[PDB]
C-alpha cells in the first residue's frame, strides 16, 4: 500500500517543538533544526492557528487520550500542505514532572 508520509514530534505544552524526527524532511521539507525551538503555530495557516492553539490546550485536559487536528502547514517550498496532527500527552507517573505532548504529523488530503 502507499505508506503515508509522516513524522513524529515532541512539544511542550505551549506548542514549542522540543524534539523533531528526521522524517520531517520528506514530509514538509525542513531539517529538524529548522523546527526545533519554534512553535508549531509559526508554520500554521492564519485561519487554522487558533484551532491549533485550542487543540494543544485541550489535549492536556483529556486524560492522555488522542486529540487530532487538521491544519495547513507551510512547507519549505512555501506551500500549504494539509496535515493531520494526532497528539497525546505523556507524563511518567514515577514523577511529577510536567507532561509533554507527543505528535504524529501526516500529510493528508482535504477530501472524502
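Numbering follows the first chain given and starts at 1.
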Of 71 to 79 and 58 to 66, the one with larger mean CA B-factor
58 to 66
Split into thirds by Cα B-factor across the chain's modelled residues, where does residue 106 land: lowest, middle or highest?
middle
Where the record places residue 52 (Cα B-factor, split into thirds across the chain):
middle
Compare the C-alpha B factor of residue 91 with those of the other modelled residues in its chain, then answer lowest, middle or highest third.
highest
Cα B factor band for residue 27 (lowest, middle or highest third within the chain):
middle
Residue 33: C-alpha B-factor third of its chain, per the entry, is the highest
